[PDB]
file data-v3.csv (CSV, C-alpha atoms)
chain,number,residue,atom,x,y,z
A,394,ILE,CA,150.2,333.0,39.1
A,395,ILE,CA,152.0,333.2,42.6
A,396,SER,CA,155.2,334.5,41.1
A,397,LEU,CA,153.5,337.3,39.2
A,398,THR,CA,151.2,338.4,42.1
A,399,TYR,CA,153.9,338.3,44.7
A,400,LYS,CA,157.5,338.9,43.7
A,401,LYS,CA,159.1,337.8,47.1
A,402,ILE,CA,157.3,335.1,48.9
A,403,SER,CA,158.3,332.8,51.7
A,404,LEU,CA,158.1,329.2,50.6
A,405,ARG,CA,155.7,328.5,53.5
A,406,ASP,CA,153.0,330.8,51.9
A,407,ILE,CA,153.0,328.9,48.5
A,408,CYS,CA,152.3,325.6,50.3
A,409,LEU,CA,149.1,327.0,51.9
A,410,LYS,CA,148.2,328.6,48.6
A,411,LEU,CA,148.3,325.5,46.5
A,412,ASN,CA,147.3,323.2,49.3
A,413,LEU,CA,150.6,321.3,48.8
A,414,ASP,CA,151.8,319.0,51.6
A,415,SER,CA,155.2,320.3,52.9
A,416,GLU,CA,158.0,322.6,52.3
A,417,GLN,CA,160.1,320.0,50.5
A,418,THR,CA,157.3,319.4,47.9
A,419,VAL,CA,157.0,322.9,46.7
A,420,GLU,CA,160.8,323.0,46.6
A,421,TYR,CA,160.5,320.3,44.0
A,422,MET,CA,157.8,321.7,41.8
A,423,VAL,CA,159.4,325.2,41.4
A,424,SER,CA,162.8,323.5,40.8
A,425,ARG,CA,161.6,321.4,37.9
A,426,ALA,CA,159.5,324.3,36.5
A,427,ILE,CA,162.4,326.8,36.3
A,428,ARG,CA,164.5,324.5,34.2
A,429,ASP,CA,161.7,325.1,31.5
A,430,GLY,CA,161.6,328.8,32.2
A,431,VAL,CA,157.9,328.8,32.7
A,432,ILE,CA,158.1,330.5,36.0
A,433,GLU,CA,161.4,332.1,35.4
A,434,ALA,CA,162.5,332.4,39.0
A,435,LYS,CA,165.4,331.4,41.3
A,436,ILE,CA,165.0,330.0,44.7
A,437,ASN,CA,167.1,331.7,47.4
A,438,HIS,CA,167.6,329.0,49.9
A,439,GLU,CA,169.5,331.2,52.4
A,440,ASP,CA,166.9,333.8,52.8
A,441,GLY,CA,164.0,331.4,52.6
A,442,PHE,CA,162.1,333.0,49.7
A,443,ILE,CA,161.8,333.1,46.0
A,444,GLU,CA,162.7,335.9,43.7
A,445,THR,CA,161.2,336.6,40.3
A,446,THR,CA,163.9,337.5,38.0
A,447,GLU,CA,162.0,338.5,34.7
A,448,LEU,CA,162.0,342.4,35.3
A,449,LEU,CA,161.7,343.7,31.7
A,450,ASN,CA,163.6,346.5,29.9
A,451,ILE,CA,164.8,344.2,27.2
A,452,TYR,CA,164.8,347.3,24.9
A,453,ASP,CA,168.2,348.3,26.0
A,454,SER,CA,169.3,344.8,25.2
A,455,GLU,CA,170.0,343.6,21.5
A,456,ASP,CA,166.7,341.7,21.8
A,457,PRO,CA,164.3,343.8,19.6
A,458,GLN,CA,166.7,343.5,16.7
B,1,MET,CA,205.0,386.6,-0.9
B,2,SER,CA,201.5,385.4,-0.7
B,3,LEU,CA,201.2,383.0,2.1
B,4,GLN,CA,197.5,382.6,1.0
B,5,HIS,CA,197.5,379.2,-0.7
B,6,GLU,CA,195.2,377.3,1.8
B,7,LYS,CA,193.3,375.4,-0.9
B,8,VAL,CA,193.6,374.6,-4.5
B,9,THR,CA,190.6,374.2,-6.7
B,10,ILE,CA,191.4,373.1,-10.2
B,11,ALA,CA,189.6,373.6,-13.6
B,12,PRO,CA,189.2,370.3,-15.6
B,13,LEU,CA,190.1,372.5,-18.7
B,14,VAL,CA,193.6,373.0,-17.1
B,15,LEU,CA,194.0,369.2,-17.0
B,16,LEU,CA,192.7,368.8,-20.4
B,17,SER,CA,195.0,371.5,-21.7
B,18,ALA,CA,198.0,369.9,-19.9
B,19,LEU,CA,197.4,366.5,-21.4
B,20,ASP,CA,196.9,367.7,-25.0
B,21,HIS,CA,199.6,370.3,-25.2
B,22,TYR,CA,202.0,367.6,-24.0
B,23,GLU,CA,201.7,365.8,-27.4
B,24,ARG,CA,201.4,368.9,-29.7
B,25,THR,CA,204.6,370.3,-28.3
B,26,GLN,CA,205.6,366.7,-28.8
B,27,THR,CA,207.4,365.8,-25.7
B,28,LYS,CA,207.7,362.2,-24.5
B,29,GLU,CA,209.8,360.0,-22.3
B,30,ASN,CA,210.3,362.1,-19.3
B,31,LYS,CA,210.9,365.2,-21.2
B,32,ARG,CA,209.2,367.9,-19.3
B,33,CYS,CA,206.7,370.4,-20.6
B,34,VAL,CA,206.4,373.6,-18.6
B,35,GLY,CA,203.6,375.9,-19.2
B,36,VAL,CA,202.0,378.9,-17.5
B,37,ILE,CA,198.9,378.5,-15.3
B,38,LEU,CA,196.6,381.5,-15.2
B,39,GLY,CA,193.8,382.4,-12.7
B,40,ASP,CA,193.0,384.2,-9.5
B,41,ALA,CA,194.7,384.6,-6.1
B,42,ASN,CA,195.4,387.0,-3.3
B,43,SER,CA,192.5,384.8,-2.0
B,44,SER,CA,192.4,382.0,0.3
B,45,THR,CA,190.9,379.6,-2.1
B,46,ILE,CA,193.1,379.7,-5.2
B,47,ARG,CA,191.2,379.1,-8.4
B,48,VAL,CA,193.2,377.9,-11.5
B,49,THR,CA,191.1,378.9,-14.4
B,50,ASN,CA,193.1,378.2,-17.5
B,51,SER,CA,196.6,377.4,-18.9
B,52,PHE,CA,198.9,377.9,-21.9
B,53,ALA,CA,202.0,376.0,-23.1
B,54,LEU,CA,205.4,377.7,-23.3
B,55,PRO,CA,208.2,376.1,-25.3
B,56,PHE,CA,210.4,374.0,-23.1
B,57,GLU,CA,213.5,372.2,-24.0
B,58,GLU,CA,215.1,370.2,-21.3
B,59,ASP,CA,218.6,368.7,-21.4
B,60,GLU,CA,218.5,364.9,-21.0
B,61,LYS,CA,221.6,364.5,-18.9
B,62,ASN,CA,220.9,366.8,-16.0
B,63,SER,CA,218.0,368.8,-14.5
B,64,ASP,CA,220.3,371.7,-13.6
B,65,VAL,CA,220.8,372.3,-17.3
B,66,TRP,CA,217.8,373.5,-19.3
B,67,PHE,CA,216.6,376.1,-22.0
B,68,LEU,CA,213.6,378.4,-21.4
B,69,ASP,CA,212.9,381.3,-23.5
B,70,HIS,CA,212.0,384.0,-20.9
B,71,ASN,CA,211.2,386.7,-23.4
B,72,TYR,CA,208.4,384.5,-25.0
B,73,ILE,CA,206.4,384.5,-21.7
B,74,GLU,CA,205.9,388.3,-21.6
B,75,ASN,CA,204.9,388.5,-25.3
B,76,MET,CA,202.3,385.8,-25.0
B,77,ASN,CA,201.0,387.2,-21.8
B,78,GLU,CA,200.0,390.6,-23.1
B,79,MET,CA,197.7,389.3,-25.9
B,80,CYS,CA,196.2,386.9,-23.5
B,81,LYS,CA,195.2,389.6,-21.0
B,82,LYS,CA,193.3,391.4,-23.8
B,83,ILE,CA,191.1,388.4,-24.1
B,84,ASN,CA,190.6,388.4,-20.3
B,85,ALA,CA,192.4,390.9,-18.1
B,86,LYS,CA,191.0,389.3,-14.8
B,87,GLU,CA,193.5,386.5,-15.1
B,88,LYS,CA,197.0,386.9,-13.8
B,89,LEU,CA,200.2,384.9,-13.9
B,90,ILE,CA,200.2,382.8,-10.7
B,91,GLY,CA,202.7,379.9,-11.4
B,92,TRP,CA,203.4,377.0,-13.8
B,93,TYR,CA,202.3,373.5,-14.7
B,94,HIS,CA,204.9,370.7,-14.6
B,95,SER,CA,203.9,367.6,-16.7
B,96,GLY,CA,205.0,365.1,-14.1
B,97,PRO,CA,205.7,362.2,-13.4
B,98,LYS,CA,206.8,363.5,-10.0
B,99,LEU,CA,208.4,366.1,-7.7
B,100,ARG,CA,212.1,367.0,-8.0
B,101,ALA,CA,214.2,369.2,-5.7
B,102,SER,CA,215.5,370.7,-8.9
B,103,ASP,CA,212.2,372.5,-9.1
B,104,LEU,CA,213.1,374.7,-6.3
B,105,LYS,CA,215.4,376.7,-8.6
B,106,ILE,CA,212.9,376.7,-11.4
B,107,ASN,CA,210.2,378.1,-9.3
B,108,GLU,CA,212.4,381.2,-8.5
B,109,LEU,CA,212.5,382.3,-12.0
B,110,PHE,CA,208.8,382.5,-12.3
B,111,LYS,CA,208.8,384.5,-9.1
B,112,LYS,CA,210.3,387.4,-10.8
B,113,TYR,CA,207.3,387.8,-13.1
B,114,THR,CA,204.7,387.0,-10.3
B,115,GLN,CA,203.5,389.3,-7.4
B,116,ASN,CA,202.4,386.1,-5.5
B,117,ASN,CA,204.4,382.9,-4.7
B,118,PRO,CA,204.3,380.8,-7.9
B,119,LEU,CA,202.0,377.6,-7.5
B,120,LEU,CA,203.6,374.4,-8.7
B,121,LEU,CA,200.8,372.4,-10.0
B,122,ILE,CA,202.0,369.0,-10.9
B,123,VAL,CA,199.5,367.8,-13.4
B,124,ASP,CA,200.6,364.2,-13.8
B,125,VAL,CA,199.7,363.2,-17.4
B,126,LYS,CA,200.2,359.4,-16.9
B,127,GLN,CA,196.9,359.2,-15.0
B,128,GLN,CA,198.0,356.4,-12.6
B,129,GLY,CA,195.0,355.1,-10.9
B,130,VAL,CA,191.5,356.6,-10.9
B,131,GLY,CA,192.4,358.9,-8.0
B,132,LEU,CA,193.2,362.5,-8.7
B,133,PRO,CA,196.4,363.0,-10.8
B,134,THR,CA,197.2,366.3,-9.1
B,135,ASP,CA,199.5,366.9,-6.2
B,136,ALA,CA,200.1,370.6,-5.5
B,137,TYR,CA,203.1,371.9,-3.9
B,138,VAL,CA,204.2,375.5,-3.2
B,139,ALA,CA,207.8,376.7,-2.6
B,140,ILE,CA,208.0,378.0,1.1
B,141,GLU,CA,211.0,378.9,3.1
B,142,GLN,CA,210.7,378.1,6.7
B,143,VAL,CA,212.8,377.6,9.8
B,144,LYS,CA,213.0,374.1,11.5
B,145,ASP,CA,213.7,373.1,15.0
B,146,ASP,CA,216.4,370.3,13.9
B,147,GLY,CA,219.3,372.8,13.7
B,148,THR,CA,219.0,373.5,9.9
B,149,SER,CA,219.9,377.0,9.0
B,150,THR,CA,216.7,377.7,7.2
B,151,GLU,CA,215.3,375.1,4.9
B,152,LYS,CA,213.8,375.7,1.5
B,153,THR,CA,211.1,373.3,0.6
B,154,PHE,CA,208.0,372.1,-1.1
B,155,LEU,CA,205.0,371.6,1.2
B,156,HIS,CA,202.0,369.4,-0.1
B,157,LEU,CA,198.7,371.3,-0.6
B,158,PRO,CA,195.1,369.8,-0.8
B,159,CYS,CA,194.0,369.4,-4.4
B,160,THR,CA,190.2,369.3,-5.3
B,161,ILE,CA,188.4,370.0,-8.6
B,162,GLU,CA,185.7,372.5,-9.3
B,163,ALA,CA,184.3,373.3,-12.6
B,164,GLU,CA,182.4,376.4,-13.9
B,165,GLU,CA,178.8,376.2,-15.3
B,166,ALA,CA,180.1,376.4,-18.8
B,167,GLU,CA,182.7,373.7,-18.0
B,168,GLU,CA,180.5,371.5,-16.0
B,169,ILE,CA,178.0,371.1,-18.8
B,170,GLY,CA,180.8,370.3,-21.1
B,171,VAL,CA,181.8,367.4,-18.8
B,172,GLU,CA,178.4,365.9,-18.7
B,173,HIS,CA,177.8,366.3,-22.5
B,174,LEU,CA,180.9,364.3,-23.2
B,175,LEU,CA,180.3,361.5,-20.8
B,176,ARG,CA,178.2,358.5,-21.8
B,177,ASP,CA,179.1,356.1,-19.0
B,178,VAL,CA,176.4,354.5,-16.7
B,179,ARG,CA,178.6,356.0,-13.9
B,180,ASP,CA,179.3,354.5,-10.5
B,181,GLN,CA,180.7,357.5,-8.6
B,182,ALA,CA,177.0,358.6,-8.7
B,183,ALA,CA,176.4,356.9,-5.2
B,184,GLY,CA,172.9,356.8,-6.1
B,185,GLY,CA,170.8,353.6,-5.8
B,186,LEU,CA,171.2,350.7,-3.4
B,187,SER,CA,173.6,349.0,-6.0
B,188,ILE,CA,176.0,351.8,-6.4
B,189,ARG,CA,176.4,352.5,-2.8
B,190,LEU,CA,176.5,348.8,-2.0
B,191,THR,CA,179.7,348.7,-4.0
B,192,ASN,CA,180.9,352.0,-2.5
B,193,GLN,CA,180.9,350.6,1.0
B,194,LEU,CA,183.3,347.7,0.0
B,195,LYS,CA,185.3,350.0,-2.2
B,196,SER,CA,186.0,352.3,0.8
B,197,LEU,CA,187.3,349.5,3.0
B,198,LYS,CA,189.9,348.4,0.5
B,199,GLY,CA,190.7,351.9,-0.4
B,200,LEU,CA,191.7,352.3,3.3
B,201,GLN,CA,193.6,349.1,3.4
B,202,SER,CA,195.9,349.9,0.6
B,203,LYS,CA,196.8,353.3,2.2
B,204,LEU,CA,197.2,351.7,5.6
B,205,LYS,CA,199.6,349.1,4.2
B,206,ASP,CA,201.8,351.8,2.7
B,207,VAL,CA,202.0,353.5,6.2
B,208,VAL,CA,203.0,350.3,7.8
B,209,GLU,CA,205.9,349.2,5.5
B,210,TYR,CA,207.1,352.9,5.5
B,211,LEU,CA,207.5,352.7,9.4
B,212,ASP,CA,209.8,349.7,9.1
B,213,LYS,CA,212.1,351.6,6.8
B,214,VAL,CA,212.4,354.5,9.2
B,215,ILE,CA,214.0,352.4,12.0
B,216,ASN,CA,215.8,350.0,9.7
B,217,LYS,CA,216.8,351.5,6.4
B,218,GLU,CA,217.7,355.1,7.5
B,219,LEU,CA,215.0,357.0,5.8
B,220,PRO,CA,215.1,360.3,8.0
B,221,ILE,CA,213.1,360.8,11.1
B,222,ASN,CA,210.5,363.2,9.8
B,223,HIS,CA,208.9,364.4,13.0
B,224,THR,CA,205.9,365.8,11.2
B,225,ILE,CA,204.7,362.3,10.0
B,226,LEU,CA,204.9,360.8,13.5
B,227,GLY,CA,203.5,363.9,15.0
B,228,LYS,CA,200.3,363.5,12.9
B,229,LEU,CA,199.9,359.8,13.7
B,230,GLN,CA,199.4,360.7,17.5
B,231,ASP,CA,196.0,362.3,16.7
B,232,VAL,CA,194.9,359.1,14.9
B,233,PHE,CA,195.5,357.0,18.1
B,234,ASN,CA,194.0,359.6,20.5
B,235,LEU,CA,190.8,360.1,18.7
B,236,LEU,CA,190.5,356.3,17.9
B,237,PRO,CA,186.9,355.0,19.1
B,238,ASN,CA,186.2,353.2,22.3
B,239,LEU,CA,183.8,350.6,23.5
B,240,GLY,CA,182.0,350.4,26.9
B,241,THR,CA,181.5,354.2,26.5
B,242,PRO,CA,177.9,355.4,27.0
B,243,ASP,CA,178.2,356.4,23.4
B,244,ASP,CA,178.3,352.7,22.5
B,245,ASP,CA,175.0,352.4,24.3
B,246,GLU,CA,173.8,355.3,22.3
B,247,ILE,CA,174.6,353.6,19.0
B,248,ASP,CA,172.5,350.6,20.0
B,249,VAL,CA,169.4,352.9,20.7
B,250,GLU,CA,169.9,354.2,17.1
B,251,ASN,CA,170.3,350.9,15.6
B,252,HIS,CA,166.8,349.8,17.0
B,253,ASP,CA,165.2,352.9,15.6
B,254,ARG,CA,166.4,352.3,12.0
B,255,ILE,CA,165.5,348.5,11.9
B,256,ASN,CA,162.1,349.5,13.4
B,257,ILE,CA,161.2,351.8,10.7
B,258,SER,CA,162.6,349.3,8.2
B,259,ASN,CA,160.0,346.7,9.2
B,260,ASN,CA,157.0,349.0,9.1
B,261,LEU,CA,157.9,350.1,5.6
B,262,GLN,CA,158.5,346.5,4.5
B,263,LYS,CA,155.0,345.5,5.5
B,264,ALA,CA,153.6,348.6,3.8
B,265,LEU,CA,154.9,347.5,0.4
B,266,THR,CA,153.4,344.0,0.8
B,267,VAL,CA,149.9,345.8,0.9
B,268,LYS,CA,150.4,347.8,-2.3
B,269,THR,CA,151.5,344.8,-4.4
B,270,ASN,CA,148.7,342.6,-3.1
B,271,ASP,CA,146.1,345.3,-4.3
B,272,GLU,CA,147.8,344.7,-7.7
B,273,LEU,CA,147.3,340.9,-7.1
B,274,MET,CA,143.6,341.5,-7.0
B,275,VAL,CA,143.6,343.7,-10.2
B,276,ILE,CA,145.4,341.1,-12.3
B,277,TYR,CA,142.9,338.4,-11.2
B,278,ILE,CA,139.8,340.5,-12.1
B,279,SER,CA,141.4,340.9,-15.5
B,280,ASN,CA,142.1,337.3,-15.8
B,281,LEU,CA,138.4,336.2,-14.9
B,282,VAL,CA,137.1,338.6,-17.5
B,283,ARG,CA,139.2,337.3,-20.2
B,284,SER,CA,137.9,333.7,-19.6
B,285,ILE,CA,134.5,334.8,-20.8
B,286,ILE,CA,136.1,336.7,-23.8
B,287,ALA,CA,138.0,333.5,-24.7
B,288,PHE,CA,134.8,331.5,-24.7
B,289,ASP,CA,132.8,333.9,-26.9
B,290,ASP,CA,135.9,334.2,-29.1
B,291,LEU,CA,135.2,330.7,-30.5
B,292,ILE,CA,131.6,331.6,-31.5
B,293,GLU,CA,132.8,334.6,-33.4
B,294,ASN,CA,135.3,332.5,-35.3
B,295,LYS,CA,132.6,330.0,-36.2
B,296,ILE,CA,130.7,332.7,-38.2
B,297,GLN,CA,134.0,333.8,-39.7
B,298,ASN,CA,134.9,330.3,-41.1
call {"tool": "encode", "arguments": {"input": "data-v3.csv", "output": "structure tokens"}}
result
Amino acid sequence: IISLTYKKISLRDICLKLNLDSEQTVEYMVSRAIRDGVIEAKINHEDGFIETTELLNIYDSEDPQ
Amino acid sequence: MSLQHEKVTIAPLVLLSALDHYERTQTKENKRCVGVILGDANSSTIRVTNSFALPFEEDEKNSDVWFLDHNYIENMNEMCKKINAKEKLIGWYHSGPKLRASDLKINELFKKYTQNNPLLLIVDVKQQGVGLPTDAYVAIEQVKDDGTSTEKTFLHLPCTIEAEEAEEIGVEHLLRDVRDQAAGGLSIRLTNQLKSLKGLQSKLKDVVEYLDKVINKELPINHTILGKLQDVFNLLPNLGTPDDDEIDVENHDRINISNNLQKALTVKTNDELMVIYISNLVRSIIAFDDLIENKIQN
């Protein structure tokens, strides 16, 4: 829900949103989830926020074929 | 004379005549039959309408030695014009197999009679392959950059076939084949795509072994051949062009329409599914009653 609503969000904000305990914990949920491609995101450690990466225009791609 | 010889369109009647006359003048085993070809010119497109045999006796030993009765050609010609006076002498058929540089001299004889450069229409009678058995050549005298003090030569000309209305209907009445140059249904054209690849391959292979001979076996450096190959490499396709991206857009369009149409046929046949089942339900009752009727009959 959080990824769709907000494309770029500080990891701090998610913790408050899902009531989750600390910064390290949310690190660990997103990290397991994006292996399965549910969220489909990548964490940017350096910048201290998370980037949605599904950004459509898969028409141009070979995909509809 | 006439430079105008840009294209050669050829009557199937000409072919037919050249093949038949070959045997009724009774020449075999590389004994040439030379006959006249009649039709129009002083026109870009040259149209060879019809032909007639001349007697031709050719000495076996050499191609510099031959008999041709000149006088005959004039006597034949005048009766022939009465029939149709549109037609003019424009050159000569040669009954193959294949070009000679003795023809250059032969051509010159015919040029006396003709007011245009004589066309040498080599109608090959051996019909090798299913490809056209016509090469066309015209005697032209041209200068050349090498040093040569004017060369006299035969230059290849494009051969195609056209037939008249009268002629075309004769071709189709004769034929009884299923045909496969029709390029009609999915099946004929399926073949046709493969056929073209291999078509190309054979030709390409010939180019390739020919290039080896030029720089190894001292076949002359014919600058014209090489010159033409440059256009092939320059105008060769490229990838990562925004054209390539363009092809992909088209590819999606055509597959897209294919699917809608595929589903659309599924609907039609399913309506038929229902119709056969109504019929079948009806006939269960008829089958039942059938027995009762037979009881009375027995």
call {"tool": "closest_atom_pairs", "arguments": {"input": "data-v3.csv", "of": "chain B", "to": "chain A", "cutoff": "12 Å", "atoms": "only C-alpha atoms", "output": "tab-separated table"}}
result
residue	atom	partner	partner_atom	distance
B:244	CA	A:453	CA	11.6
B:245	CA	A:453	CA	8.1
B:246	CA	A:453	CA	9.7
B:247	CA	A:453	CA	10.9
B:248	CA	A:455	CA	7.6
B:249	CA	A:453	CA	7.1
B:250	CA	A:453	CA	10.8
B:251	CA	A:458	CA	8.3
B:252	CA	A:458	CA	6.3
B:253	CA	A:458	CA	9.6
B:254	CA	A:458	CA	10.0
B:255	CA	A:458	CA	7.0
B:256	CA	A:458	CA	8.2
B:257	CA	A:458	CA	11.6
B:258	CA	A:458	CA	11.1
B:259	CA	A:458	CA	10.6
call {"tool": "residues_around", "arguments": {"input": "data-v3.csv", "residues": "range 222-226 of chain B", "least_positions_apart": "4", "cutoff": "10 Å", "atoms": "all atoms listed in the file", "output": "count of residues only"}}
result
6
call {"tool": "axis_aligned_box", "arguments": {"input": "data-v3.csv", "around": "range 105-116 of chain B", "padding_each_side": "6 Å", "output": "JSON"}}
result
{"center_x": 208.9, "center_y": 383.0, "center_z": -9.3, "size_x": 25.0, "size_y": 24.6, "size_z": 19.6}
call {"tool": "atom_distance", "arguments": {"input": "data-v3.csv", "atom1": "CA of residue 167 in chain B", "atom2": "CA of residue 33 in chain B"}}
result
24.4 Å
call {"tool": "residues_around", "arguments": {"input": "data-v3.csv", "residues": "residue 157 in chain B", "least_positions_apart": "5", "cutoff": "7 Å", "atoms": "all atoms listed in the file", "output": "VMD selection string"}}
result
chain B and resid 7 136 to 137
call {"tool": "atom_distance", "arguments": {"input": "data-v3.csv", "atom1": "CA of residue 434 in chain A", "atom2": "CA of residue 394 in chain A"}}
result
12.3 Å
call {"tool": "atom_distance", "arguments": {"input": "data-v3.csv", "atom1": "CA of residue 47 in chain B", "atom2": "CA of residue 11 in chain B"}}
result
7.7 Å
call {"tool": "residues_around", "arguments": {"input": "data-v3.csv", "residues": "residue 437 in chain A", "least_positions_apart": "6", "cutoff": "10 Å", "atoms": "only C-alpha atoms", "output": "ChimeraX atom specification"}}
result
/A:403-404,443-444
